[PDB]
């Protein structure tokens, strides 16, 4: 998965831009927010451009499974149910503090274990700061 993204020259991140402050569309029509910033960080570290694909919430896992996006970064709670279908990064946002509550993760296809590893190393470096 990594070599393919690097050859393509961009990282395709799906989200649903209706969830400020994680992703939303600002007053100039730009998609912005915490998840966009994180997506940019990951893309930079991969040495690729970022392409954000905005879609309806329900569209995201399908698009991931069918390879139209590489990852979901869209305020998605890590849950045991969803782990039946996708893999999740380490948590990057804790809604409750102390790891209580919803923890958000980056969803990746289960077979893309190299991508998942890579993302985890970026989250681990960012948390070190």
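Positions refer to the first chain, counted from 1.
Stretch with the higher entry mean CA B-factor, where the candidates are 44-52 and 82-90: Stretch with the greater average CA B-factor: 44-52.
Between the two ranges 103-111 and 117-125, the one averaging a larger CA B factor in the entry: Looking at the recorded C-alpha B-factors, 117-125 comes out higher on average.
Residue with maximal Cα B-factor (values as given in the PDB entry) among 33, 96, 75, 59: It is 96.
Residue 24 by Cα B-factor - lowest, middle or highest third of the modelled chain: Middle third.
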